[PDB]
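Protein chains in written order, with this note's numbering: chain A, 4 to 199; chain B, 4 to 199; chain C, 4 to 199; chain D, 4 to 199.
Every residue, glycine too, gets a C-beta built ideally from N, C-alpha and C.
Structure, as structure tokens:
There are 4 protein chains.
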Amino acid sequence: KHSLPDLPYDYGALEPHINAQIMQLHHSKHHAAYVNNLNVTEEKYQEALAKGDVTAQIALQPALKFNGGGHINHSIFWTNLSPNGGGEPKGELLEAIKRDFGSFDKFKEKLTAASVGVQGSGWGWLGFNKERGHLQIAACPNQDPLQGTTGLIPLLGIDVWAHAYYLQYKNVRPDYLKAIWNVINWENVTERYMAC
Amino acid sequence: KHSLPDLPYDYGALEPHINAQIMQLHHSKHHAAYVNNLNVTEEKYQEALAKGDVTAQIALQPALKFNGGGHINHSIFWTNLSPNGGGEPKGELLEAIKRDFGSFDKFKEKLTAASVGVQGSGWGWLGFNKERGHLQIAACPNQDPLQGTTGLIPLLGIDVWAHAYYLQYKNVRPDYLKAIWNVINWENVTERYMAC
Amino acid sequence: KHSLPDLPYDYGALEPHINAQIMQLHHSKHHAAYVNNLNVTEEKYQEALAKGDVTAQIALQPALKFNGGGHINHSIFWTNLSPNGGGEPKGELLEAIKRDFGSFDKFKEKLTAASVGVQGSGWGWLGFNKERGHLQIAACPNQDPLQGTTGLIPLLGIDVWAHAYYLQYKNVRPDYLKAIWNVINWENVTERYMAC
Amino acid sequence: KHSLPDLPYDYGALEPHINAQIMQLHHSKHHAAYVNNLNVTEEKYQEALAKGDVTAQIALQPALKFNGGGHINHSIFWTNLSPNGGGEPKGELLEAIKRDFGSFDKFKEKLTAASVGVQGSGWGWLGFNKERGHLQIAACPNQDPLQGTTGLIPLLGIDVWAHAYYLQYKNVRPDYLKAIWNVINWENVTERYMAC
Ligand SMILES: [Mn+2]
Ligand SMILES: [Mn+2]
Ligand SMILES: [Mn+2]
Ligand SMILES: [Mn+2]
Numbered sequence: 004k005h006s007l008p009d010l011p012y013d014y015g016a017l018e019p020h021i022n023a024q025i026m027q028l029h030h031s032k033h034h035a036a037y038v039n040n041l042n043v044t045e046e047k048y049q050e051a052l053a054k055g056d057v058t059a060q061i062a063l064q065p066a067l068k069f070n071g072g073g074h075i076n077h078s079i080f081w082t083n084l085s086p087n088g089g090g091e092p093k094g095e096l097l098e099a100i101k102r103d104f105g106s107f108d109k110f111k112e113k114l115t116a117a118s119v120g121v122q123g124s125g126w127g128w129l130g131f132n133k134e135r136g137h138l139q140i141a142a143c144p145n146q147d148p149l150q151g152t153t154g155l156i157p158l159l160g161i162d163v164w165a166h167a168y169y170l171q172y173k174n175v176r177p178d179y180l181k182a183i184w185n186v187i188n189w190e191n192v193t194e195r196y197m198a199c
Numbered sequence: 004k005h006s007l008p009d010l011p012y013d014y015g016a017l018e019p020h021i022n023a024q025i026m027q028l029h030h031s032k033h034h035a036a037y038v039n040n041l042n043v044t045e046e047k048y049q050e051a052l053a054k055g056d057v058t059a060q061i062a063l064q065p066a067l068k069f070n071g072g073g074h075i076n077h078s079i080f081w082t083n084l085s086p087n088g089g090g091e092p093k094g095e096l097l098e099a100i101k102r103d104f105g106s107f108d109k110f111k112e113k114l115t116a117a118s119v120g121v122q123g124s125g126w127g128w129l130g131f132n133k134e135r136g137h138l139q140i141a142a143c144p145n146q147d148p149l150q151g152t153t154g155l156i157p158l159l160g161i162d163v164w165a166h167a168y169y170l171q172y173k174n175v176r177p178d179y180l181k182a183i184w185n186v187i188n189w190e191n192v193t194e195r196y197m198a199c
Numbered sequence: 004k005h006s007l008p009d010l011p012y013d014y015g016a017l018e019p020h021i022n023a024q025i026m027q028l029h030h031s032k033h034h035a036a037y038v039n040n041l042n043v044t045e046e047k048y049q050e051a052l053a054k055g056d057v058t059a060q061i062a063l064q065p066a067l068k069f070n071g072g073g074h075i076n077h078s079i080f081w082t083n084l085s086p087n088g089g090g091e092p093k094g095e096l097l098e099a100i101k102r103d104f105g106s107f108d109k110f111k112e113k114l115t116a117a118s119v120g121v122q123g124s125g126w127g128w129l130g131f132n133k134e135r136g137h138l139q140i141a142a143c144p145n146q147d148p149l150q151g152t153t154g155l156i157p158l159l160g161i162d163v164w165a166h167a168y169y170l171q172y173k174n175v176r177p178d179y180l181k182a183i184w185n186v187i188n189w190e191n192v193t194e195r196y197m198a199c
Numbered sequence: 004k005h006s007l008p009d010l011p012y013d014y015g016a017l018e019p020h021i022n023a024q025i026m027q028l029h030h031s032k033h034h035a036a037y038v039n040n041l042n043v044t045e046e047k048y049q050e051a052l053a054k055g056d057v058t059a060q061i062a063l064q065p066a067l068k069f070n071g072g073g074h075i076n077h078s079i080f081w082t083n084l085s086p087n088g089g090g091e092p093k094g095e096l097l098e099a100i101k102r103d104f105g106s107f108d109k110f111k112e113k114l115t116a117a118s119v120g121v122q123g124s125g126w127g128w129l130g131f132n133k134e135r136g137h138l139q140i141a142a143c144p145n146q147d148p149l150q151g152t153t154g155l156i157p158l159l160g161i162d163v164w165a166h167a168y169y170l171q172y173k174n175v176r177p178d179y180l181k182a183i184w185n186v187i188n189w190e191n192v193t194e195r196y197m198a199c
């Protein structure tokens, strides 16, 4: 069982950067749909599994990756934002940032470039590479979850699906990316980082 | 060279089914971006080709498929719609429809199911199978063009990228699909069909 | 768990078309590995599902598809071959082949083309489409199973992984394809066809 | 056009690690086919580009990637091997390997893992990342070229297509990988490394 997580703010807490209408639809509609479909897919897989039905398992697994990934991605995203967010990180996170990307600006520039460049719906990720021990930027198609498909540990995600910005910024993703920086919860990103 | 095609109507000609704001953005912004990037990609490929630079050719070819496909898909789409559209087809097209899908309703039902089911951005296609000589429904991811990636001849396309309906129907694709039936130019679809 | 099925004949029963060495390697080494790995992966997957670990499930997915498909594909393949095979089929399978492909020779020409044209490792597939009600030819990459990833019901499968012909026909697949027609078990393909 | 490069040594020069039969087949049959097909595809592509036929270009894409990559990958591979190869590298390539992987043995352990773990046909790739400035290991499906699809500059390539080891090591890739370390041309990998 999986559930739709309650936000730690209210829908309008991020205005004017991300309007309340987007936050409400994104949470109670889009994320809700992924959780519901995820639960369905996984009561189905559990019975395909019990019967040893390999064909059903494999047919199931675009559904499970899309909805399961949708749940994982959005669950992290909500925690990645805050009405008291914005600014720059401090401590080991900032030290690591300029160590792997040169500076906070270069990092910001590369993450923005990765998110805006996604063809179609997708996500832009700052991740941690456990093996190599360094920060890394990656982009995922649709709702493919970062860790499950790449191995990298997710620290910060920028959702570039049209439903995350279109009603407010239309076709101009650059404006969407430029605005979100003001509400990123660097306190949460650092927590994620330290746990690695 | 490729150019942005002039519409055969004005932006508001399809109201209330598809509002004027969507038609304007979709044409002068989204389609325009694909044509521009397409032309860039193909003056680049032409010089990669002249130098025998295989690596550059292969690096180029997500760009070319995405923007080139974007141009092809939208160019057909505009002709697929009409303010005098709607209703049902007549002649050999309707005969072929119920012959391959049972009835116009079953067909309509399956095409709607294919479009609404697309994970992420994509297109739903009624196509013609030259080899087998029958109608066929297919769905393509992002801007992958039907013929170039499937071999099927495109007859009718339903664009399910959020930029084609979100401002008006939000997350409810079913409402978007239900509305578009009233402005489909069956006269154009039949032309496409007869040419096969 | 799953099991390596016994072969319906001796390893050297398909000579000279497919030598005993290949049959022995293909069955007792390759197919056995898929079963063993399939079981290890399923056990795994059962643990991830119990804990609701979506990430573990999504990460497990390529291992399960590859091994699950390996087991499925090969299990069908063994029954598709016979020392008393060869020639053409009779009954309605034959009429269906005429109806959907023109003639038996056109069918084998197209199934051979789909098999030889597989880039890298893969399978050429005669299948049945329940939706349309007709036979259809498809090719699958590596060990992706026909039904699970396509919806088509498998009738006859041709394995074009190098481990199925390289020792005997080297770089020449056409020679392999040409030879295999002599050991096709049409009785089995007919049974599979009458079942759906 | 493109050309099948001559081999820097005789076909039996890598014995007993890679027998003459494989080397002869791999070079004069497989690589030659990629070059020939690459040239036919390019000529083609030149015609489609002249006419501005986007559909023909997009349809041509898998043929060109597969053959173009085949030619690129194999051309690098021949220079990566030598009768006087084997042992370890010296100079800064060695320090870079220590710095980015810990030790030479950890590097070969990881490059071997990436190569043996390739599902189906593919390549294991040592590469250099110009953006980050460090060595990196990557695996590519079938004939997809490293640079063109990844951005990484190729230094050392290990071919795991069955046609590169099956005749000699059958189903056991680890034996093949274990053997190949004896003929690696570190002089060439060093030159490729110093160039970028
Ligand atoms: Mn989202
Ligand atoms: Mn569109
Ligand atoms: Mn096989
Ligand atoms: Mn090779």
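- The continuous beta strand (DSSP E) containing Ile-140 (chain B) extends over residues 137-144.
- Here the segment 122-130 of chain C lies against the segment 148-163 of chain C, with 3 or more beta-carbon pairs under 8 Å apart.
- When DSSP reads this structure, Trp-128 (chain C) sits in a beta bridge with C:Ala-141 and C:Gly-160.
- Put simply, the backbone Cα of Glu-18 (chain D) is about 37 Å away from that of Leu-67 (chain C).
- Chain A has a Cβ within less than 8 Å of the Cβ of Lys-68 (chain C).
- Non-local C-beta neighbours of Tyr-48 (chain D) in its own chain, meaning closer than 6 Å and more than five positions away in sequence, comprise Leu-63, ordered along the chain.
- Proximity of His-30 (chain D) to chain C, defined by a Cβ-Cβ separation below 8 Å, is not satisfied.
- A straight-line Cα-Cα distance of about 49 Å links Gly-55 (chain D) and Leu-97 (chain D).
- With at least 16 other beta carbons inside 10 angstroms of its own, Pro-148 (chain D) counts as buried.
- Against chain B, a Cβ distance below 7 Å from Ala-62 (chain D) picks out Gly-151.
- CA-to-CA, the gap between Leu-158 (chain C) and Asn-132 (chain C) works out to about 11 Å.
- Taking C-beta atoms as the reference points, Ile-79 (chain C) and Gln-171 (chain C) fail to come closer than 8 Å.
- Cβ-Cβ separation between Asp-103 (chain D) and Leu-129 (chain D): approximately 10 Å, too far for a contact (criterion under 8 Å).
- The DSSP-derived three-state label of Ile-187 (chain D) is strand.
- Approximately 5 Å separates the beta-carbon atoms of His-5 (chain A) and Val-38 (chain A); this is inside 8 Å, confirming the contact.
- Taking non-hydrogen atoms of ligand 3 into account, the C-beta of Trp-164 (chain C) is found less than 7 Å away from one of them.
- The criterion of a C-beta distance shorter than 8 Å is satisfied by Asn-70 (chain A) and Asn-40 (chain A).
- Proximity to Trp-189 (chain D) across D:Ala-182, D:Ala-51 and D:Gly-90 peaks at D:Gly-90, based on C-alpha coordinates.
- Neighbours of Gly-123 (chain C) across chain D, judged by C-beta separation under 9 Å: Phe-69, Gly-123, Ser-124, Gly-125, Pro-144, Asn-145, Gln-146 and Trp-164.
- Burial state of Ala-99 (chain B) is buried, judged by a 10 Å Cβ sphere holding 16 or more other Cβ atoms.
- The closest CA to that of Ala-142 (chain D), considering only D:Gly-136, D:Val-119, D:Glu-134 and D:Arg-135, is found on D:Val-119.
- Taking each of D:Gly-136, D:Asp-178 and D:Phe-110 in turn and checking the Cα distance to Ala-198 (chain D), the smallest one comes out for D:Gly-136.
- Interface with chain A (8 Å Cβ-Cβ cutoff): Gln-139 (chain C) is excluded.
- When distances are taken from the beta-carbon of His-33 (chain D) to the heavy atoms of ligand 4, the shortest one is below 7 Å.
- C-alpha of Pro-86 (chain B) to C-alpha of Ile-187 (chain B): approximately 8 Å in a straight line.
- Taken in chain order, the whole beta strand (DSSP E) runs of length 3 or more contained in the segment 15-61 of chain C number zero.
- The shortest C-alpha to C-alpha distance from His-34 (chain C) to any of C:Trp-81, C:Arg-195, C:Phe-107 and C:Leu-155 is the one to C:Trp-81.
- Contact with chain D is found for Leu-52 (chain B), since one of that chain's Cβ atoms lies less than 8 Å from the residue's Cβ.
- Around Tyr-48 (chain B), the beta-carbon contacts reaching into chain D at under 7 Å are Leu-52.
- Between ligand 4 and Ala-167 (chain D), a heavy atom-to-CB distance of less than 7 Å is present.
- For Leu-84 (chain C), the pairing in a beta bridge is given by DSSP as C:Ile-187.
- Taking a contact as a CB-CB distance under 8 Å, the pair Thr-193 (chain B) and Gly-88 (chain B) does not count as one, their CB atoms being some 12 Å apart.
- Here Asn-145 (chain C) is buried. Its C-beta has 16 or more other C-beta atoms within 10 Å.
- Look at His-29 (chain B): its beta carbon is less than 7 Å from one of the heavy atoms in ligand 2.
- Taking a Cβ-Cβ threshold of 9 Å, the residues of chain A close to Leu-170 (chain B) are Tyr-169, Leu-170 and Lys-173, in chain order.
- Ligand 1 never approaches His-77 (chain D) closely enough for any of its heavy atoms to be under 7 Å from the residue's Cβ.
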